[PDB]
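Participant: Pasting a structure here, questions to come.
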Amino acid sequence: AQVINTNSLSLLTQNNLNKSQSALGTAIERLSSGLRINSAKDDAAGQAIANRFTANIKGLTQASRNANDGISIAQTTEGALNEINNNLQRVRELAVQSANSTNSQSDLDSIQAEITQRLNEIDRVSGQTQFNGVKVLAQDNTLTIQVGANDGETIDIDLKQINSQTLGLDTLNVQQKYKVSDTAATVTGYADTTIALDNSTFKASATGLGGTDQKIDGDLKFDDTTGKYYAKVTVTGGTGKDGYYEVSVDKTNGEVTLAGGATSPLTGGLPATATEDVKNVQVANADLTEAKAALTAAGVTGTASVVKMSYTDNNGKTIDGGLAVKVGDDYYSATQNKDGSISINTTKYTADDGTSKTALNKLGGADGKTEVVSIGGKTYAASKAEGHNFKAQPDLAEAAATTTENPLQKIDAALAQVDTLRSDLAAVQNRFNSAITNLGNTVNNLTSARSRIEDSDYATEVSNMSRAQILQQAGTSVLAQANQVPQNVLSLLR
């Protein structure tokens with residue numbers, strides 16, 4: 001007998017209902033996550049896009065940061081410029097004062113001194129102000145700021161290299177040259193050189209003394225008044241050949257030799273003046289060993305001379321200066337060393353076309369005493385060439401020579417350039433904000449849009465699921481009782 005199936009059949013619909021009980025399960029699943037490709041969202045692709053739109057907002061939060069960064073850049077750059085503008089504005093005033101014939105050259109030099117700091121600070125700002133590494137004022141560059149979610153939908157900012165060169169104010173000078181004069185400065189002193197002394201040759205010429213051995217004891221006494229060399233000679237066996245004798249020095253190598261061939265010792269022995277116990281040869285600084293050597297290096301043909309400088313101004317006042325190695329007409333800024341030697345001053349910059357080089361420092365410039373230096377084919381100033389790596393920062397301008405014509409005109413021009421650029425940066429701040437208000441406006445709708453699509457239980461929805469839980473709960477519960485009955489009835493056959 002198979003009653004099992006007949007009843008089971010009836011129980012099978014019950015099971016179908018258990019499948020409906022299973023629906024409740026899927027329903028419970030719903031309440032967990034939300035919308036899925038299970039039965040609710042067939043258009044997975046559509047919603048995939050939605051998630052992606054949210055994702056786009058994710059990229060847009062980051063874009064908000066980016067654009068923000070852009071804005072920060074605008075304010076930082078515009079900020080840097082505010083400083084430059086102030087500086088320039090300061091210049092204008094100086095330019096106005098310069099046009100007053102009452103101001104002496106000196107006064108003009110003071111004005112210029114300020115103007116120089118001005119231009120210098122400017123340059124400092126130019127290649128030193130930055131934002132996250134990027135030197136904002138260092139070069140022209142159109143920063144494309146990504147604000148859209150697609151190619152082409154961007155907002156670009158404009159960066160421009162501002163500096164005394166581009167601004168064409170690098171050579172803004174309002175000085176007037178002085179009248180240079182010179183006086184022959186006969187410096188009095190001696191300096192030791194590296195020339196070694198070869199005392200071995202002495203006995204070779206001192207044979208004129210006789211005995212067994214003629215040798216100098218210790219060191220030779222240089223005489224700083226006649227350049228003569230003297231020495232103590234202990235001639236063994238030389239009746240009365242003991243004392244001091246004069247010795248010749250072969251300047252070319254140091255060989256020392258019996259001077260004048262004196263047979264008898266000097267009346268007095270050693271002249272007091274001969275105090276310099278030398279180990280190496282003394283040189284008459286007057287010959288400018290060093291000075292001339294350097295000049296030769298540079299290809300200077302003109303003979304050199306030591307002169308003291310004197311500058312005259314429009315009011316007959318004459319101010320004295322340092323030492324200067326005159327060559328025909330050119331004046332080099334030299335200095336006297338500790339012992340008396342005279343050495344030319346040098347710049348000591350860094351590279352011109354590779355390798356480290358050094359040039360001498362001449363006197364000149366817009367005033368007449370500015371230290372100018374010749375590097376390559378340009379004449380720079382001592383200061384500006386000082387440790388300036390020409391390989392990293394090539395393009396530079398030469399020293400100011402003449403008065404700038406139409407100062408005020410050029411000055412305004414420079415500022416015109418500044419503001420015209422500034423307006424852009426600023427403009428972008430508002431375009432950026434617009435984009436923010438644009439996207440921002442969309443964001444609110446978007447969140448909503450997708451929220452109306454994605455299924456979730458808050459108020460209107462939850463109610464349906466709550467009732468569903470208890471309802472269904474009674475489904476399984478009640479069906480359990482309704483199920484007990486049939487299973488019992490079956491075995492009533494008595």
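Starting from 1 in every chain, residues are counted up; chains themselves are A, B, ... following the order of the structure tokens, and ligands are numbered from 1 as listed.
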Taking 5 positions as the minimum chain separation for residues in the same chain, which residues sit within 8 Å of residue 350 in chain A when counting only C-alpha atoms? Answer as a PyMOL selection string.
Facilitator: chain A and resi 355-357+387-391
Participant: Need the shell around range 449-465 of chain A: protein/DNA/RNA residues with any atom at most 12 Å away, counting only C-alpha atoms. Skip same-chain ones fewer than 4 positions apart. Format as a PyMOL selection string?
Facilitator: chain A and resi 24-37+40-41+43-44+46-54+442-445+469-473
Participant: Check range 252-425 of chain A with DSSP on the backbone and list each residue it calls alpha helix (DSSP H), as a PyMOL selection string.
Facilitator: chain A and resi 289-297+382-385+407-425
Participant: Could you please determine the separation between CA of residue 311 in chain A and CA of residue 366 in chain A in Å, to one decimal place?
Facilitator: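 A separation of 13.1 Å between them.
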Participant: Determine the nearest neighbour of residue 129 in chain A from the options A:169, A:91, A:84, A:184, counting only C-alpha atoms.
Facilitator: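 With only C-alpha atoms as the atom set, the closest residue is A:84.
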Participant: Mind listing the strand (DSSP E) residues of range 197-315 of chain A, per DSSP on the backbone, as JSON, numbers by chain?
Facilitator: {"A": [220, 221, 222, 229, 230, 231, 232, 233, 243, 244, 245, 246, 247, 248, 249, 256, 257, 258, 276, 277, 278, 280, 281, 282, 283, 284, 304, 305, 306, 307, 308, 309, 310, 311, 312]}
Participant: Please write the residues from the selection above to a file, keeping N, CA, C and O atoms, as a short mmCIF file (atom, residue, chain, number, x, y, z; two decimals), in the first residue's frame.
Facilitator:
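Generated file (out_11.cif):
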```cif
data_model
loop_
_atom_site.label_atom_id
_atom_site.label_comp_id
_atom_site.auth_asym_id
_atom_site.auth_seq_id
_atom_site.Cartn_x
_atom_site.Cartn_y
_atom_site.Cartn_z
N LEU A 220 120.40 81.28 6.28
CA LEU A 220 120.84 82.55 5.70
C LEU A 220 119.93 83.68 6.13
O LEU A 220 118.67 83.55 6.16
N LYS A 221 120.53 84.81 6.45
CA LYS A 221 119.83 86.00 6.89
C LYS A 221 119.54 86.92 5.72
O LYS A 221 120.44 87.55 5.17
N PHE A 222 118.28 86.97 5.30
CA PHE A 222 117.86 87.82 4.20
C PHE A 222 117.82 89.23 4.76
O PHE A 222 117.45 89.43 5.91
N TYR A 229 121.59 88.38 0.64
CA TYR A 229 121.57 87.25 1.53
C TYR A 229 122.90 87.22 2.30
O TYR A 229 123.95 87.52 1.74
N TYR A 230 122.85 86.85 3.57
CA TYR A 230 124.07 86.77 4.39
C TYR A 230 124.09 85.42 5.13
O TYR A 230 123.07 84.74 5.20
N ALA A 231 125.24 85.01 5.65
CA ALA A 231 125.34 83.74 6.36
C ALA A 231 126.60 83.64 7.20
O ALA A 231 127.60 84.36 6.94
N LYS A 232 126.58 82.78 8.20
CA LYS A 232 127.71 82.54 9.06
C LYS A 232 128.51 81.44 8.46
O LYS A 232 127.96 80.36 8.21
N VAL A 233 129.79 81.68 8.18
CA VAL A 233 130.67 80.66 7.62
C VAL A 233 131.81 80.20 8.58
O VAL A 233 132.63 80.97 9.03
N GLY A 243 133.29 84.16 10.45
CA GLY A 243 132.41 85.29 10.67
C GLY A 243 131.31 85.24 9.64
O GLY A 243 130.92 84.18 9.19
N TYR A 244 130.84 86.41 9.25
CA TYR A 244 129.81 86.46 8.24
C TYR A 244 130.32 86.90 6.91
O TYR A 244 131.13 87.81 6.80
N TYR A 245 129.79 86.26 5.88
CA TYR A 245 130.13 86.58 4.50
C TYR A 245 128.84 86.74 3.70
O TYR A 245 127.82 86.19 4.10
N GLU A 246 128.86 87.46 2.57
CA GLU A 246 127.62 87.62 1.82
C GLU A 246 127.50 86.48 0.82
O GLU A 246 128.48 86.06 0.25
N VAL A 247 126.28 86.03 0.58
CA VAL A 247 126.03 84.95 -0.37
C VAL A 247 125.03 85.25 -1.47
O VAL A 247 123.95 85.78 -1.23
N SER A 248 125.41 84.94 -2.71
CA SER A 248 124.52 85.16 -3.86
C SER A 248 123.53 84.02 -3.97
O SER A 248 123.83 82.88 -3.62
N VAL A 249 122.32 84.35 -4.40
CA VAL A 249 121.29 83.31 -4.54
C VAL A 249 120.91 83.25 -6.01
O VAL A 249 120.67 84.29 -6.64
N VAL A 256 123.07 78.72 -3.72
CA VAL A 256 123.71 79.79 -2.99
C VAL A 256 125.18 79.78 -3.35
O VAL A 256 125.75 78.72 -3.55
N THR A 257 125.75 80.97 -3.57
CA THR A 257 127.14 81.09 -3.98
C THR A 257 127.90 82.26 -3.30
O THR A 257 127.31 83.27 -2.92
N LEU A 258 129.20 82.10 -3.15
CA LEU A 258 130.04 83.11 -2.54
C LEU A 258 129.90 84.46 -3.26
O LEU A 258 130.38 84.61 -4.40
N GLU A 276 115.68 88.35 8.53
CA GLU A 276 114.90 87.25 8.00
C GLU A 276 115.65 85.92 7.80
O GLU A 276 116.29 85.70 6.77
N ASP A 277 115.64 85.10 8.82
CA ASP A 277 116.27 83.77 8.67
C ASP A 277 115.31 83.03 7.75
O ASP A 277 114.27 82.54 8.17
N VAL A 278 115.61 83.01 6.46
CA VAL A 278 114.77 82.37 5.47
C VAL A 278 115.10 80.91 5.20
O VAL A 278 116.23 80.47 5.49
N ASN A 280 113.08 79.66 2.46
CA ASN A 280 112.70 79.79 1.06
C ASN A 280 112.92 81.27 0.67
O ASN A 280 112.79 82.18 1.50
N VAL A 281 113.15 81.53 -0.64
CA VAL A 281 113.46 82.86 -1.16
C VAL A 281 112.39 83.97 -0.99
O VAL A 281 111.21 83.78 -1.35
N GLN A 282 112.85 85.14 -0.54
CA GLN A 282 112.01 86.32 -0.36
C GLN A 282 111.91 87.05 -1.67
O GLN A 282 112.90 87.10 -2.40
N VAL A 283 110.76 87.66 -1.98
CA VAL A 283 110.53 88.35 -3.25
C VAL A 283 110.13 89.81 -3.00
O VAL A 283 109.57 90.12 -1.94
N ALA A 284 110.52 90.71 -3.91
CA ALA A 284 110.20 92.12 -3.81
C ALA A 284 108.74 92.22 -4.31
O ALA A 284 108.54 92.33 -5.51
N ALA A 304 101.33 95.97 -15.41
CA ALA A 304 100.54 96.33 -14.27
C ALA A 304 101.23 97.27 -13.30
O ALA A 304 102.47 97.32 -13.23
N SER A 305 100.42 98.00 -12.58
CA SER A 305 100.93 98.91 -11.54
C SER A 305 99.95 99.02 -10.36
O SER A 305 98.76 98.86 -10.53
N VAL A 306 100.49 99.26 -9.16
CA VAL A 306 99.69 99.35 -7.94
C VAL A 306 99.27 100.79 -7.76
O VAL A 306 100.12 101.67 -7.67
N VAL A 307 97.96 101.03 -7.73
CA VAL A 307 97.48 102.40 -7.56
C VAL A 307 96.38 102.45 -6.51
O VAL A 307 95.62 101.48 -6.36
N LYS A 308 96.30 103.60 -5.84
CA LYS A 308 95.25 103.81 -4.85
C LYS A 308 94.14 104.58 -5.56
O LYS A 308 94.43 105.57 -6.27
N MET A 309 92.89 104.12 -5.42
CA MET A 309 91.79 104.78 -6.11
C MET A 309 91.22 106.04 -5.43
O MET A 309 91.33 106.23 -4.22
N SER A 310 90.60 106.89 -6.24
CA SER A 310 90.00 108.15 -5.81
C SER A 310 88.86 108.48 -6.77
O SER A 310 89.04 108.59 -7.98
N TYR A 311 87.65 108.53 -6.22
CA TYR A 311 86.45 108.84 -6.96
C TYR A 311 85.91 110.22 -6.69
O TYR A 311 85.70 110.61 -5.54
N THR A 312 85.64 110.95 -7.76
CA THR A 312 85.10 112.33 -7.67
C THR A 312 83.64 112.39 -8.11
O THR A 312 83.24 111.71 -9.07
#
```
Participant: Which residue, A:290, A:153, A:158, A:352, has the smallest gap to residue 427 in chain A when you use only C-alpha atoms?
Facilitator: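 Looking only at the distances to residue 427 in chain A, the closest residue turns out to be A:158.
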Participant: If we count only C-alpha atoms and set the cut-off at 8 Å, which residues sit around range 93-109 of chain A, ignoring sequence neighbours fewer than 2 positions away in its own chain? Please answer as a VMD selection string.
Facilitator: chain A and resid 89 to 91 111 to 113 115 174 to 176 313 to 314 407 to 408
Participant: Keeping N, CA, C and O atoms, export the residues of the selection given above as a PDB file, in the first residue's frame.
Facilitator:
```
ATOM      1  N   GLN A  89      55.588  98.354  -6.099  1.00  0.00           N
ATOM      2  CA  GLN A  89      54.956  99.609  -5.732  1.00  0.00           C
ATOM      3  C   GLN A  89      55.982 100.477  -4.976  1.00  0.00           C
ATOM      4  O   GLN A  89      56.125 101.678  -5.202  1.00  0.00           O
ATOM      5  N   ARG A  90      56.783  99.822  -4.139  1.00  0.00           N
ATOM      6  CA  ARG A  90      57.833 100.491  -3.371  1.00  0.00           C
ATOM      7  C   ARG A  90      58.815 101.142  -4.385  1.00  0.00           C
ATOM      8  O   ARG A  90      59.189 102.314  -4.231  1.00  0.00           O
ATOM      9  N   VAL A  91      59.187 100.381  -5.422  1.00  0.00           N
ATOM     10  CA  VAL A  91      60.093 100.839  -6.453  1.00  0.00           C
ATOM     11  C   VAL A  91      59.603 102.157  -7.024  1.00  0.00           C
ATOM     12  O   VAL A  91      60.343 103.139  -7.015  1.00  0.00           O
ATOM     13  N   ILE A 111      69.166 105.193  -3.014  1.00  0.00           N
ATOM     14  CA  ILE A 111      67.903 104.861  -3.637  1.00  0.00           C
ATOM     15  C   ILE A 111      68.058 103.516  -4.376  1.00  0.00           C
ATOM     16  O   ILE A 111      67.314 102.577  -4.108  1.00  0.00           O
ATOM     17  N   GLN A 112      69.106 103.431  -5.208  1.00  0.00           N
ATOM     18  CA  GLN A 112      69.433 102.253  -5.989  1.00  0.00           C
ATOM     19  C   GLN A 112      69.650 101.053  -5.092  1.00  0.00           C
ATOM     20  O   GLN A 112      69.205  99.934  -5.423  1.00  0.00           O
ATOM     21  N   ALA A 113      70.380 101.235  -3.992  1.00  0.00           N
ATOM     22  CA  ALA A 113      70.611 100.167  -3.045  1.00  0.00           C
ATOM     23  C   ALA A 113      69.281  99.523  -2.646  1.00  0.00           C
ATOM     24  O   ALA A 113      69.147  98.295  -2.639  1.00  0.00           O
ATOM     25  N   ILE A 115      66.325  99.767  -4.314  1.00  0.00           N
ATOM     26  CA  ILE A 115      65.808  99.157  -5.544  1.00  0.00           C
ATOM     27  C   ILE A 115      66.415  97.768  -5.808  1.00  0.00           C
ATOM     28  O   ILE A 115      65.705  96.861  -6.280  1.00  0.00           O
ATOM     29  N   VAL A 174      69.337 104.001 -11.789  1.00  0.00           N
ATOM     30  CA  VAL A 174      69.164 105.440 -11.889  1.00  0.00           C
ATOM     31  C   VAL A 174      70.382 106.196 -11.329  1.00  0.00           C
ATOM     32  O   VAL A 174      70.270 107.366 -10.991  1.00  0.00           O
ATOM     33  N   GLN A 175      71.549 105.532 -11.297  1.00  0.00           N
ATOM     34  CA  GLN A 175      72.777 106.102 -10.794  1.00  0.00           C
ATOM     35  C   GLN A 175      73.408 106.953 -11.882  1.00  0.00           C
ATOM     36  O   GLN A 175      72.859 107.072 -12.991  1.00  0.00           O
ATOM     37  N   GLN A 176      74.598 107.473 -11.575  1.00  0.00           N
ATOM     38  CA  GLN A 176      75.391 108.299 -12.486  1.00  0.00           C
ATOM     39  C   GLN A 176      76.845 107.935 -12.151  1.00  0.00           C
ATOM     40  O   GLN A 176      77.170 107.768 -10.978  1.00  0.00           O
ATOM     41  N   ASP A 313      82.848 113.207  -7.425  1.00  0.00           N
ATOM     42  CA  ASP A 313      81.432 113.371  -7.737  1.00  0.00           C
ATOM     43  C   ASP A 313      81.057 114.766  -8.191  1.00  0.00           C
ATOM     44  O   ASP A 313      81.816 115.726  -7.931  1.00  0.00           O
ATOM     45  N   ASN A 314      79.917 114.911  -8.837  1.00  0.00           N
ATOM     46  CA  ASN A 314      79.362 116.200  -9.339  1.00  0.00           C
ATOM     47  C   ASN A 314      79.532 117.451  -8.455  1.00  0.00           C
ATOM     48  O   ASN A 314      79.372 118.555  -8.921  1.00  0.00           O
ATOM     49  N   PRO A 407      61.865 105.323 -16.657  1.00  0.00           N
ATOM     50  CA  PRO A 407      61.651 104.367 -15.552  1.00  0.00           C
ATOM     51  C   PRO A 407      60.167 104.079 -15.270  1.00  0.00           C
ATOM     52  O   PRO A 407      59.745 102.926 -15.429  1.00  0.00           O
ATOM     53  N   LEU A 408      59.427 105.087 -14.898  1.00  0.00           N
ATOM     54  CA  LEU A 408      57.986 104.979 -14.566  1.00  0.00           C
ATOM     55  C   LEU A 408      57.174 104.205 -15.622  1.00  0.00           C
ATOM     56  O   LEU A 408      56.289 103.406 -15.259  1.00  0.00           O
TER      57      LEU A 408
END
```
Participant: Counting only C-alpha atoms, which residue out of A:160, A:378, A:65, A:384 sits closest to residue 349 in chain A?
Facilitator: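 Answer, going by the shortest atom-to-atom distance: A:384.
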Participant: Write out as a list in words each polymer residue whose atoms come within 9 Å of range 2-12 of chain A, counting only C-alpha atoms; drop sequence neighbours fewer than 6 positions from it.
Facilitator: residues 18, 483, 486, 487 and 490 of chain A
Participant: Quick one: residues within 10 Å of residue 208 in chain A, only C-alpha atoms, excluding same-chain residues fewer than 5 positions away - as a ChimeraX atom specification?
Facilitator: /A:203,214,258,261-263
Participant: Could you work out how far CA of residue 61 in chain A lies from CA of residue 42 in chain A, giving the answer in Å with one decimal?
Facilitator: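 About the pair CA of residue 42 in chain A and CA of residue 61 in chain A: they are 29.6 Å apart.
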Participant: So the first atom is CA of residue 185 in chain A and the second is CA of residue 274 in chain A; what is the distance between them in Å, to one decimal place?
Facilitator: 25.3 Å
Participant: Just checking: using only C-alpha atoms, which residue out of A:70, A:340, A:168, A:268 ends up closest to residue 132 in chain A?
Facilitator: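 Closest residue, counting only C-alpha atoms: A:70.
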Participant: Just the residues within 9 Å of residue 300 in chain A, please, counting only C-alpha atoms, with nothing from its chain fewer than 6 positions along; format it as an MDAnalysis selection string.
Facilitator: chainID A and resid 292 294 327
Participant: Find, counting only C-alpha atoms, the residue in A:466, A:72, A:188, A:56 that gets nearest to residue 432 in chain A.
Facilitator: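 The answer is A:72, which sits nearest to residue 432 in chain A.
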Participant: Which residue is closest to residue 392 in chain A? Choose from A:424, A:353, A:224, A:213 and count only C-alpha atoms.
Facilitator: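 Smallest distance to residue 392 in chain A is found for A:353.
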